[PDB]
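Right, one structure below, let's go through it.
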Amino acid sequence: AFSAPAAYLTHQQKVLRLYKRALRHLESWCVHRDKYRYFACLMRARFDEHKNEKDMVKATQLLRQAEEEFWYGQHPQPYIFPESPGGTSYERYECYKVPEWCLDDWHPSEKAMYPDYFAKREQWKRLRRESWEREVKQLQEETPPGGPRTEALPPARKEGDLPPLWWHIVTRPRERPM
Amino acid sequence: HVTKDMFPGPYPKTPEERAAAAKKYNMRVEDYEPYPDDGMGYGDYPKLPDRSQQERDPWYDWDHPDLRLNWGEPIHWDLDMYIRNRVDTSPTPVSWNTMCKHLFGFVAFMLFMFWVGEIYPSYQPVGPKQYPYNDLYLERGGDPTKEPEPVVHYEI
Amino acid sequence: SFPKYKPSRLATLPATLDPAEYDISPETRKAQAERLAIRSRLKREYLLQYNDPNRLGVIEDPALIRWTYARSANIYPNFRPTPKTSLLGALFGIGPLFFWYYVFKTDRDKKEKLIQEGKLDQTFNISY
Amino acid sequence: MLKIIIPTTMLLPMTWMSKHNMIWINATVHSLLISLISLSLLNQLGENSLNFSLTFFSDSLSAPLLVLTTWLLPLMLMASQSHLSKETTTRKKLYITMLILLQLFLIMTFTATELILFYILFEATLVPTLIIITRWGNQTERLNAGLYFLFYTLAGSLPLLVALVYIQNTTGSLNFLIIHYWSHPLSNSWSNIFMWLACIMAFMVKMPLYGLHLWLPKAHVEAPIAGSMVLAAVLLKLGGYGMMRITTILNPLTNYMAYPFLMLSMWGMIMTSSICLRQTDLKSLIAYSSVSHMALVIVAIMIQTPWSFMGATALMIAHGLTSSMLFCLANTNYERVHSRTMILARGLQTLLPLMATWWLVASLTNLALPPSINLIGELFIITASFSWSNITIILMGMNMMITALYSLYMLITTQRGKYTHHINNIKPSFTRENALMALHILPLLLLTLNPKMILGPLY
Amino acid sequence: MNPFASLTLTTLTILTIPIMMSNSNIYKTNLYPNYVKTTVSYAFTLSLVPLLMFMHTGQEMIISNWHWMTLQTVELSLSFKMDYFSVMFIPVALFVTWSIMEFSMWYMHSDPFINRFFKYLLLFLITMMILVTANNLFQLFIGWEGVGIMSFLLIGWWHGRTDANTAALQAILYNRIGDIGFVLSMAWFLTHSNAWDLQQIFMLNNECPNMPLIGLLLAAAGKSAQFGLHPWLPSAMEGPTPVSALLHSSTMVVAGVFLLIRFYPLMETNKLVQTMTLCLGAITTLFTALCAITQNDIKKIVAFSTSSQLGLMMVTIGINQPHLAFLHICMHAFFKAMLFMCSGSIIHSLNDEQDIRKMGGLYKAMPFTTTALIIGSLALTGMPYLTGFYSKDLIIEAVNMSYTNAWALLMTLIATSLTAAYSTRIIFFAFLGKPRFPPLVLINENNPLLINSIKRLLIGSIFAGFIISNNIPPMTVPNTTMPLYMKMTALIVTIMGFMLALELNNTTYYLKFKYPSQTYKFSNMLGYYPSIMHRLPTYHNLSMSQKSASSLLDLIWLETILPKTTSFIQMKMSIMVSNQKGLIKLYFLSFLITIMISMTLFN
Ligand SMILES: CCCCCCCCCCCCCCCCC[C@@H](O)O[C@H](CO[C@H](O)CCCCCCCCCCCCCCC)COP(=O)(O)OCC[N+](C)(C)C
Ligand SMILES: CCCCCCCCCCCCCCCCC[C@@H](O)O[C@H](CO[C@H](O)CCCCCCCCCCCCCCC)COP(=O)(O)OCC[N+](C)(C)C
Ligand SMILES: CCCCCCCC/C=C\CCCCCCCC(=O)O[C@H](COC(=O)CCCCCCC/C=C/CCCCCCCC)COP(=O)(O)OCCN
């Protein structure tokens, strides 16, 4: 989610992702914790017997039979965490997420309530105004010629600098705004 | 702020204008493939894979998280067909043909067996229910000026 | 060996069952790298314009306008009378009309005849 | 009838002698007062008509259309106040003059005891609409749209004129009362078939008929908000009113000649409702929905039964109000986002809740939710069609299902989901827009209490 | 003066006052939900009076109070029918809604828009009462569409969630498919009987033809989620648990069945429509119980249970036993509403967890939910002398003692067994074993709102069957004599269901793993019906809507025929006409030609 993606997944990453998926689906099949622990230890053992293979062609012929076997026995109704992209409360609270700029449209009678909040908001806005001018130059000088190759951003280098393009990551609404 | 050169145009014939079209849509020349040059007005527009938006990565930080789209990336011709509100093409645990055979087979069997059960109904070892006054002639339809044939009920 | 999954139009092939990902080449790797480069350049432009405090409007999207223009206004200048196009247009634009005309004409002729013989039982038919 | 015509004419010198910053206020107030005065035409008779003079007469088919026409002008002014802010006083006065002239021509058209006078005013309405579309439209396609909206109309209307004069050369009169009382059957002849076609095609093109509907999406999409409102609410109903008037001389030839138009409408309602499901523009979707509703009205008029006519009148009024409201909602979104692409601005419920309620109620009336007058007209037409032939129920039910589908698709796409992040200029809804929305929607829910006011002369 | 009419109208009228005050100050405070709950409870205790009056005498009314438009010989008026069905169903619905609102005061406490949620619930209740008491077809259609719109609004309660909006549109689509048949029936009745009022429809239809009854059956199948149009009911579990408990469990989904109960005088005169109803109910109950016995979401299991019970109800209708189906509606209301009470309590205590694989030992961890769910499961499966017994046992006896399909009877018995099976599945996987939830335990039942709301429906699920069965007058001849085994068939099949399903569940503890079979996959993916039928038709519609209608015909060929052809022809003719080089030699040559031609042709 947070981390920038790469151009490809290496063989180790594919094997680890298959390991996690197979373990989760085995947990879906093996409801009870003791049965799951036994079968998960067996599953880890079955991964471990080819840990030390040196032939890349052999290792790539493997993981392929393995993912085919996974797709055969994948528990068509796996357990999903409620907040996960398949869960029952995945995007439940998106309707409560209001952008921060909407507060700029509030009536002065509305801003009369909560004066400290809006004073701190003004401070944040001033900080953003200055930091942006610094950030544009820093990103222009740090980016390689011909454009970025990976969507990874640099941190601040000097004392008073702020990380480039920070406003919409720092000012997220909330996980559960209401 | 879009100029005339940035709009879709006619079907490209030469590799030079093919490269120009690929550059226009912000995608590789090797990946660019227009729709076949038929009578349809597809013209110069990329034929992206027919995969739905639902099977795009949900953990990526999209610029449009609900639609799972990025800002400048080319939009599929049938985007409004695949919006996670509509038909999706995600891989299923069972093959499409297997599901079709199973669903069709189950429905056909149930339908066939209902017809068979109509042919061979189930009942109890009883005679018809009897009603006293000429099979309730006056309470069912009436016409009290006709004097229908008397139906006599047997005592057993 | 296990039963094989057969992809379809509406049930596509999984990414982990795709033979193309298991067949790696330097050309494939550079293709992936430059696809990521295009995506990163677009993302950088979007975020640079998105985080700007001076911006007070919709961020113009050329891809969306290209999509809408292709869907609406690019159709006819790219149209050619073709056997496929001509037959499809004739069928899908005439056949339903004549089919429904035949159906309704037959139904109404049957109704009119039955009224002529009087064997319709139009009793209590007051509102029409 | 002059007690309504003269104030509408006086709207012009009052507009042109007004202060530079009082034109909207004066126009709105006096147009509302004219609407209130015109509201007294609704006291109709069970007998013939309200025959004011040799020139003008009122009918319980004409009265609802007249009242809707008078009510539409204040709403059009309120909708136009926003996007005409940066324009000179003379040009704004000219725009208001075009609206007033359109209202005057429509008012005189709906009474119009003479068929030639009806034709003259029915074609005089063409000029103000064309000027409004081709002068105060935004995109470059407006000119093209205007051309379509022109020539289609004339392509239908020029033969009618010939037919009309021909009738008066044979009958001796074109007065509607004399025509109705002295009507005679049309023999099945080629000359009579072509007279029938010349009488029908002019009104068919402006409904519009399914095959002849190309001008409508262009004209409605490229027109300004007042132009779209007047096009969808009143100008589309001129064809229905003309058909309802003119089918009295076309019997019994209508029985045979109605079949191609009946098939075209019954299939085109399905086609246009399906087109609405795949639309990337809000205005185009609303225009195609209008085409579907008018196809249903065409079926009703062609069946020519009492229930058909009542349903057609009710549906014309209800569609006018609902389509005007929908266009106003789309324009409120457009004046903020400047794009008119449905997929761009999303999740507007979280930012504009009251406007979301207005969207919901407009979609509900477009969906024909009972006991709205939309469903009253829908059901009356459907029952009449079922009596005409029991197989129409398949097409009618399919149209109902697709209508609900695309109405809720339009609501969900624009109001629900997640807001677009990069759009930060969505300002709170103005009192003017909310007042406009209420002034559209309260008349509908209040007319459902007294349906006989909009059920026509066969009630 | 004969308070029956005044009180039966005052109930529905006072149900609408909080909707009037929805713009007042109380709607902006936190006392609005309690206000709505109190109003509903007062409505219930006031509607208890016409029930007593009918039970004493059998009193019946038609109240045609307001005359709306008149259509030549057809008069449409606001008329209420206050028969046994209305005066019996209204108190049950009000009691269930009262419990639902008291439960929602605790379940939806953290929702920022709770006043709105309560307002939505009251609007649904009002539309349902309009549907139930309607005397003509137009009023009943008003209620029919109102409950559907309220369902659409309440399913998509969390409008930022894509799946909720998709489910709401799905419900609308299926209910419009049913609406087609509703409108067909209305048009037929108006054209043939000249009325939409029930009295004239019954008087003029001694032998009802196929079209109106088939339209009624299609509408009932759409609204009660029968096999052809079933998936929307399980999909509707996207809404908040109170919405699932009130609308899509006990009150709204029975409406279709209610319609066939309302038109039972015409159903008994038709033989083919009865067979169609019986077969549809049998296949629905079998298929839904089969889907239920393998689900992992608890709300999905209870929704499939609701669908199976609706299928059983329409089986009862198809065997020409409408009053028995109404009684089953009344009992199912109680115990299925309490079942969703318990499910929602479990979900709330375990931090919005709905999967039974993560619900472990709750028999002791939360005991009141445990006992309420045990009682509800016993009432559902059919336990002698409980609320569900007095309906389900008679349903089974009537099906066995009738001239019916053999296949439908077999499927009804199998559905009873599978009902026992999914009940024991829920109990076994949610309450019996070791805990399987995350380590931080936030389990709590100690809130008087939840306890009282559950216990009222608990007392209902224990005693209401006995009370109602002994208080209503007899409306059918009973089955006094039966074979000894055939009287026991319901208990036998239910106990077999418990024993076999429990034995198969106990094998999950074995340290052995195998891959699933074809039948398990078919049961888990719902016969693959939601996959295929939500991918093949929709796509094939939407694609066409862009390829043929939008592009091929509208944007290409309709343009090519009329306008483009005219433009091309006029263009070419203008080019030919105006292209003269300006040489007067050619001009006067044409003049000679025309002059020569003119003299010769005319004379
Ligand atoms: C915010 C939350 C709610 C708060 C408010 C609570 C109160 C709600 C009550 C209001 C709605 C409930 C419906 C109950 C209706 C009661 C009044 C009704 O019965 O009167 C109607 C009367 O009203 C009219 O019939 C309908 C009004 C007509 C609408 C005209 C539109 C206004 C002009 C605007 C311009 C036109 C634009 C559209 C062009 C077509 C019907 O009466 P009717 O039995 O029949 O005869 C009248 C009396 N008689 C017997 C003496 C003759
Ligand atoms: C494109 C978008 C929509 C635009 C509007 C479309 C609607 C226009 C449709 C016109 C309505 C019907 C026209 C003619 C109807 C007459 C009945 C005819 O169809 O049936 C047969 C007619 O036979 C043949 O049709 C004879 C004419 C054959 C030539 C016609 C050309 C066929 C295709 C042309 C269609 C093109 C339409 C657009 C033109 C630009 C019966 O033969 P018969 O019983 O003995 O004679 C009946 C007539 N009598 C009694 C007066 C003598
Ligand atoms: C949207 C674009 C549509 C363009 C117009 C479509 C309508 C076409 C209708 C016909 C146009 C002219 C009809 C004449 C007007 C009525 C006059 C009349 O009825 O008199 C007839 C005259 O009938 C005619 O002359 C008709 C001749 C038509 C010639 C023009 C043909 C135009 C195209 C024909 C094919 C298409 C017809 C229908 C097209 C519908 C629109 C698509 C009989 O009178 P007499 O002959 O004096 O008495 C009989 C004893 N002698």
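The chains in the structure tokens are called A, B, ... from first to last as shown; in each chain the residues are counted from 1, and the ligands are counted from 1 in the order shown.
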
Next item on the list: Give me every alpha helix (DSSP H) residue in region 2-177 of chain A, going by DSSP on the backbone, as a PyMOL selection string.
Entry: chain A and resi 11-29+33-48+56-61+64-72+108-112+115-142+167-170

Margin query: Neighbouring residues of ligand 1 are defined here as those with any atom at most 8 Å from a ligand atom, counting only C-alpha atoms and all ligand atoms; list them as number ranges by chain.
Written below: D: 35-36, 39, 64-65, 67-69, 71-72, 317-318, 321, 440, 443-444, 446-450, 454; E: 19-24, 66-68

Checklist line | Nearest candidate to residue 127 (chain C) (options D:308, D:323, D:374, D:43; using only C-alpha atoms) | finding: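 Using only C-alpha atoms, the shortest distance to residue 127 (chain C) belongs to D:308.
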
Check: Neighbours of region 11-19 of chain C within 8 Å (only C-alpha atoms; same-chain residues fewer than 3 positions away dropped), as number ranges by chain?
Finding: A: 64, 67-68; B: 51, 89-92, 95-96; C: 6-8, 22-23

Notebook entry, point to check: If you count only C-alpha atoms and all ligand atoms, which residues end up within 6 Å of ligand 3, as a list in words?
Noted result: residues 152, 155, 156, 159, 162, 163, 191, 192, 194, 195, 197, 198, 201 and 205 of chain D

With N, CA, C and O atoms retained, could you export that selection as a PDB file, in the first residue's frame?
ATOM      1  N   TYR D 152     -34.167  19.262 -40.026  1.00  0.00           N
ATOM      2  CA  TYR D 152     -35.103  18.222 -39.619  1.00  0.00           C
ATOM      3  C   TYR D 152     -36.505  18.790 -39.477  1.00  0.00           C
ATOM      4  O   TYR D 152     -37.434  18.356 -40.170  1.00  0.00           O
ATOM      5  N   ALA D 155     -37.861  19.888 -42.712  1.00  0.00           N
ATOM      6  CA  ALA D 155     -38.047  18.732 -43.576  1.00  0.00           C
ATOM      7  C   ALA D 155     -39.369  18.042 -43.273  1.00  0.00           C
ATOM      8  O   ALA D 155     -39.986  17.447 -44.162  1.00  0.00           O
ATOM      9  N   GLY D 156     -39.826  18.126 -42.024  1.00  0.00           N
ATOM     10  CA  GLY D 156     -41.126  17.576 -41.698  1.00  0.00           C
ATOM     11  C   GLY D 156     -42.250  18.565 -41.926  1.00  0.00           C
ATOM     12  O   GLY D 156     -43.362  18.180 -42.298  1.00  0.00           O
ATOM     13  N   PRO D 159     -44.065  19.828 -45.997  1.00  0.00           N
ATOM     14  CA  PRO D 159     -45.218  19.108 -46.561  1.00  0.00           C
ATOM     15  C   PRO D 159     -46.519  19.388 -45.833  1.00  0.00           C
ATOM     16  O   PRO D 159     -47.555  19.564 -46.489  1.00  0.00           O
ATOM     17  N   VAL D 162     -48.473  22.317 -47.139  1.00  0.00           N
ATOM     18  CA  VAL D 162     -49.179  21.995 -48.374  1.00  0.00           C
ATOM     19  C   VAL D 162     -50.456  21.238 -48.051  1.00  0.00           C
ATOM     20  O   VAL D 162     -51.561  21.683 -48.396  1.00  0.00           O
ATOM     21  N   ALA D 163     -50.333  20.154 -47.279  1.00  0.00           N
ATOM     22  CA  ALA D 163     -51.512  19.392 -46.892  1.00  0.00           C
ATOM     23  C   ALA D 163     -52.560  20.306 -46.286  1.00  0.00           C
ATOM     24  O   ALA D 163     -53.726  20.289 -46.705  1.00  0.00           O
ATOM     25  N   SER D 191     -53.458   8.805 -52.600  1.00  0.00           N
ATOM     26  CA  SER D 191     -53.515  10.229 -52.293  1.00  0.00           C
ATOM     27  C   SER D 191     -53.810  10.460 -50.819  1.00  0.00           C
ATOM     28  O   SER D 191     -53.197  11.322 -50.178  1.00  0.00           O
ATOM     29  N   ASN D 192     -54.747   9.691 -50.259  1.00  0.00           N
ATOM     30  CA  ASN D 192     -55.057   9.813 -48.842  1.00  0.00           C
ATOM     31  C   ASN D 192     -53.908   9.325 -47.971  1.00  0.00           C
ATOM     32  O   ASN D 192     -53.676   9.877 -46.891  1.00  0.00           O
ATOM     33  N   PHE D 194     -50.732   9.633 -48.710  1.00  0.00           N
ATOM     34  CA  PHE D 194     -49.733  10.695 -48.695  1.00  0.00           C
ATOM     35  C   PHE D 194     -50.217  11.925 -47.939  1.00  0.00           C
ATOM     36  O   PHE D 194     -49.408  12.620 -47.318  1.00  0.00           O
ATOM     37  N   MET D 195     -51.524  12.198 -47.951  1.00  0.00           N
ATOM     38  CA  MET D 195     -52.060  13.248 -47.089  1.00  0.00           C
ATOM     39  C   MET D 195     -51.859  12.905 -45.616  1.00  0.00           C
ATOM     40  O   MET D 195     -51.481  13.766 -44.812  1.00  0.00           O
ATOM     41  N   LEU D 197     -49.469  10.984 -44.394  1.00  0.00           N
ATOM     42  CA  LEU D 197     -48.047  11.133 -44.102  1.00  0.00           C
ATOM     43  C   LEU D 197     -47.662  12.600 -43.955  1.00  0.00           C
ATOM     44  O   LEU D 197     -46.898  12.961 -43.053  1.00  0.00           O
ATOM     45  N   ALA D 198     -48.184  13.464 -44.829  1.00  0.00           N
ATOM     46  CA  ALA D 198     -47.875  14.886 -44.729  1.00  0.00           C
ATOM     47  C   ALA D 198     -48.424  15.482 -43.441  1.00  0.00           C
ATOM     48  O   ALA D 198     -47.836  16.414 -42.882  1.00  0.00           O
ATOM     49  N   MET D 201     -45.935  13.473 -40.343  1.00  0.00           N
ATOM     50  CA  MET D 201     -44.477  13.461 -40.241  1.00  0.00           C
ATOM     51  C   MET D 201     -43.931  14.706 -39.547  1.00  0.00           C
ATOM     52  O   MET D 201     -42.910  14.629 -38.849  1.00  0.00           O
ATOM     53  N   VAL D 205     -41.447  14.243 -36.291  1.00  0.00           N
ATOM     54  CA  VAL D 205     -40.026  14.575 -36.229  1.00  0.00           C
ATOM     55  C   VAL D 205     -39.687  15.319 -34.938  1.00  0.00           C
ATOM     56  O   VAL D 205     -38.558  15.226 -34.444  1.00  0.00           O
TER      57      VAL D 205
END

Mind listing as a tab-separated table (two decimals) with N, CA, C and O atoms, in the first residue's frame which residues of chain A are within 7 Å of chain D, counting only C-alpha atoms?
chain	number	residue	atom	x	y	z
A	94	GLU	N	-15.83	5.04	3.92
A	94	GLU	CA	-15.40	6.02	2.94
A	94	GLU	C	-16.39	7.17	2.78
A	94	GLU	O	-15.98	8.28	2.44
A	95	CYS	N	-17.68	6.92	3.02
A	95	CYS	CA	-18.67	7.98	2.93
A	95	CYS	C	-18.52	9.02	4.03
A	95	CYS	O	-19.05	10.13	3.89
A	101	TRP	N	-9.94	20.45	2.53
A	101	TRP	CA	-10.18	21.74	1.91
A	101	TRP	C	-11.63	22.21	2.07
A	101	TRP	O	-11.90	23.41	1.93
A	105	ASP	N	-14.64	26.32	2.96
A	105	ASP	CA	-15.94	26.80	2.52
A	105	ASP	C	-16.92	27.02	3.67
A	105	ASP	O	-18.07	27.40	3.42

Margin query: Rounded to one decimal, what separation in Å do you get between CA of residue 454 (chain E) and CA of residue 375 (chain E)?
Written below: 11.3 Å

Next item on the list: Within 9 Å of ligand 2, which residues show up when you count only C-alpha atoms and all ligand atoms? List them as a list in words, please.
Entry: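 Those residues are residues 187, 188, 189, 190, 191, 192, 193, 194, 197, 201, 204, 205, 209, 210, 211, 212, 213, 256, 257, 258, 259, 260, 261 and 264 of chain D; 558, 561 and 562 of chain E.
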
Note to self: From the options B:76, B:24, B:64, B:86, which residue's atoms come nearest to chain D, counting only C-alpha atoms?
What the structure shows: B:64

Check: Which polymer residues have any atom within 9 Å of an atom of region 34-49 of chain A, counting only C-alpha atoms, with same-chain residues fewer than 6 positions away left out, as a list in words?
Finding: residues 19, 22, 23, 26, 27 and 28 of chain A; 508, 509, 510, 511, 512 and 513 of chain E

Note to self: Need the shell around region 232-244 of chain D: protein/DNA/RNA residues with any atom at most 10 Å away, counting only C-alpha atoms. Skip same-chain ones fewer than 4 positions apart. Format as a ChimeraX atom specification?
What the structure shows: /D:61-62,65-66,68-69,72,102-103,106,109-110,115,118-119,122,125-126,129,199-209,216,220,227-228,248,286-287,290-291,294,297-298,300-302,304,309,312-313,316-325,327

Selected residues written out with C-alpha atoms, as an mmCIF file, in the first residue's frame:
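Contents of the output file out.cif:
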data_model
loop_
_atom_site.group_PDB
_atom_site.id
_atom_site.type_symbol
_atom_site.label_atom_id
_atom_site.label_comp_id
_atom_site.auth_asym_id
_atom_site.auth_seq_id
_atom_site.Cartn_x
_atom_site.Cartn_y
_atom_site.Cartn_z
ATOM 1 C CA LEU D 61 -55.421 19.482 -23.175
ATOM 2 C CA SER D 62 -54.181 23.026 -23.852
ATOM 3 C CA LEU D 65 -49.425 22.889 -21.358
ATOM 4 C CA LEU D 66 -50.109 26.627 -21.103
ATOM 5 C CA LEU D 68 -46.377 24.623 -17.640
ATOM 6 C CA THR D 69 -45.141 27.038 -20.314
ATOM 7 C CA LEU D 72 -41.089 27.393 -16.997
ATOM 8 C CA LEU D 102 -40.508 31.931 -27.114
ATOM 9 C CA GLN D 103 -43.126 32.012 -24.347
ATOM 10 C CA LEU D 106 -45.847 28.934 -27.374
ATOM 11 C CA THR D 109 -49.567 28.173 -30.426
ATOM 12 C CA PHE D 110 -51.392 26.200 -27.749
ATOM 13 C CA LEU D 115 -54.652 25.232 -38.070
ATOM 14 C CA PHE D 118 -51.120 27.015 -35.299
ATOM 15 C CA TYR D 119 -48.614 26.120 -38.024
ATOM 16 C CA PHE D 122 -45.508 26.362 -34.270
ATOM 17 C CA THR D 125 -41.023 29.064 -32.127
ATOM 18 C CA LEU D 126 -38.099 27.794 -34.226
ATOM 19 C CA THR D 129 -34.589 28.533 -29.979
ATOM 20 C CA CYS D 199 -50.111 15.462 -41.705
ATOM 21 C CA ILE D 200 -48.172 13.125 -39.383
ATOM 22 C CA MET D 201 -44.477 13.461 -40.241
ATOM 23 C CA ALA D 202 -44.137 17.086 -39.090
ATOM 24 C CA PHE D 203 -45.270 16.218 -35.569
ATOM 25 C CA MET D 204 -43.386 12.910 -35.631
ATOM 26 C CA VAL D 205 -40.026 14.575 -36.229
ATOM 27 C CA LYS D 206 -40.354 16.827 -33.158
ATOM 28 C CA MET D 207 -41.466 14.179 -30.653
ATOM 29 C CA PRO D 208 -38.964 12.867 -31.942
ATOM 30 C CA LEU D 209 -39.666 9.554 -33.636
ATOM 31 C CA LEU D 216 -32.344 16.011 -30.292
ATOM 32 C CA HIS D 220 -30.067 19.480 -26.109
ATOM 33 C CA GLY D 227 -32.482 26.275 -23.965
ATOM 34 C CA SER D 228 -32.290 22.679 -22.754
ATOM 35 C CA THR D 248 -59.404 13.626 -36.023
ATOM 36 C CA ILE D 286 -31.116 12.758 -20.179
ATOM 37 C CA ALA D 287 -31.817 13.457 -23.861
ATOM 38 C CA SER D 290 -36.565 12.014 -23.178
ATOM 39 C CA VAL D 291 -36.579 10.136 -26.489
ATOM 40 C CA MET D 294 -41.749 10.495 -26.066
ATOM 41 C CA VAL D 297 -46.294 9.070 -25.865
ATOM 42 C CA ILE D 298 -46.212 8.361 -29.619
ATOM 43 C CA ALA D 300 -50.298 6.301 -26.836
ATOM 44 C CA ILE D 301 -51.375 8.827 -29.471
ATOM 45 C CA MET D 302 -51.275 6.240 -32.266
ATOM 46 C CA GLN D 304 -56.078 6.676 -30.040
ATOM 47 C CA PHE D 309 -54.948 10.098 -24.560
ATOM 48 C CA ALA D 312 -50.218 10.730 -22.970
ATOM 49 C CA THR D 313 -51.296 14.074 -21.499
ATOM 50 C CA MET D 316 -46.179 14.868 -21.308
ATOM 51 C CA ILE D 317 -46.627 17.107 -18.259
ATOM 52 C CA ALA D 318 -44.675 14.809 -15.936
ATOM 53 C CA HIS D 319 -41.819 14.356 -18.403
ATOM 54 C CA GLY D 320 -41.536 18.096 -18.955
ATOM 55 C CA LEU D 321 -41.145 18.760 -15.240
ATOM 56 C CA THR D 322 -38.812 15.814 -14.575
ATOM 57 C CA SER D 323 -36.511 16.460 -17.543
ATOM 58 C CA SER D 324 -36.234 20.156 -16.692
ATOM 59 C CA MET D 325 -35.231 19.213 -13.136
ATOM 60 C CA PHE D 327 -31.096 19.176 -16.769
#

Contacts between chain D and chain C, please, where a residue of chain C counts if it comes within 9 Å (with only C-alpha atoms); show its shortest atom pair and distance in Å to one decimal, rows by chain and ascending number, as a Markdown table.
| residue | atom | partner | partner_atom | distance |
| --- | --- | --- | --- | --- |
| C:50 | CA | D:422 | CA | 6.1 |
| C:51 | CA | D:422 | CA | 8.9 |
| C:55 | CA | D:424 | CA | 8.9 |
| C:56 | CA | D:425 | CA | 6.3 |
| C:57 | CA | D:425 | CA | 5.5 |
| C:58 | CA | D:423 | CA | 4.8 |
| C:59 | CA | D:422 | CA | 6.2 |
| C:64 | CA | D:344 | CA | 8.5 |
| C:65 | CA | D:341 | CA | 8.9 |
| C:68 | CA | D:280 | CA | 6.7 |
| C:71 | CA | D:280 | CA | 8.2 |
| C:72 | CA | D:280 | CA | 8.5 |
| C:96 | CA | D:267 | CA | 7.5 |
| C:97 | CA | D:263 | CA | 5.9 |
| C:98 | CA | D:263 | CA | 8.1 |
| C:100 | CA | D:263 | CA | 6.7 |
| C:101 | CA | D:263 | CA | 6.3 |
| C:103 | CA | D:391 | CA | 8.4 |
| C:104 | CA | D:389 | CA | 7.2 |
| C:105 | CA | D:259 | CA | 8.5 |
| C:107 | CA | D:389 | CA | 7.1 |
| C:108 | CA | D:389 | CA | 6.8 |
| C:111 | CA | D:389 | CA | 8.7 |
| C:127 | CA | D:307 | CA | 7.7 |
| C:128 | CA | D:384 | CA | 5.9 |

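Candidate residues B:97, B:70, B:30, B:13 were compared for distance to residue 9 (chain C), and the nearest is B:97, using only C-alpha atoms.
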
Next item on the list: Would you kindly report the residues of chain E within 8 Å of chain D, using only C-alpha atoms, as a ChimeraX atom specification?
Entry: /E:68-69,71-72,141-142,145,159-162,165,169,172-173,176-177,179-180,183-184,187-188,190-191,542,545-546,549-550,554,558-559

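Distances from C:74, C:125, C:54, C:49 to chain B were compared using only C-alpha atoms, and the smallest one belongs to C:74.
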
Check: Which chain B residues are at most 6 Å from chain E (counting only C-alpha atoms), as a list in words?
Finding: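 Only these qualify: residues 85, 87, 99, 103, 114, 117, 118, 121, 122 and 123 of chain B.
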
Limited to C-alpha atoms, could you put the picked residues into a file as a PDB file, in the first residue's frame?
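What follows is the written file out.pdb:
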ATOM      1  CA  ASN B  85     -20.462  -2.082 -10.252  1.00  0.00           C
ATOM      2  CA  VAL B  87     -19.680  -7.273 -15.186  1.00  0.00           C
ATOM      3  CA  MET B  99     -19.884 -24.162 -14.017  1.00  0.00           C
ATOM      4  CA  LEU B 103     -25.749 -25.227 -13.531  1.00  0.00           C
ATOM      5  CA  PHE B 114     -40.914 -32.111 -11.768  1.00  0.00           C
ATOM      6  CA  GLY B 117     -43.682 -36.151 -10.593  1.00  0.00           C
ATOM      7  CA  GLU B 118     -46.567 -34.551 -12.450  1.00  0.00           C
ATOM      8  CA  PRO B 121     -48.487 -37.809  -8.463  1.00  0.00           C
ATOM      9  CA  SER B 122     -48.718 -38.707  -4.782  1.00  0.00           C
ATOM     10  CA  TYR B 123     -52.040 -39.105  -2.987  1.00  0.00           C
TER      11      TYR B 123
END
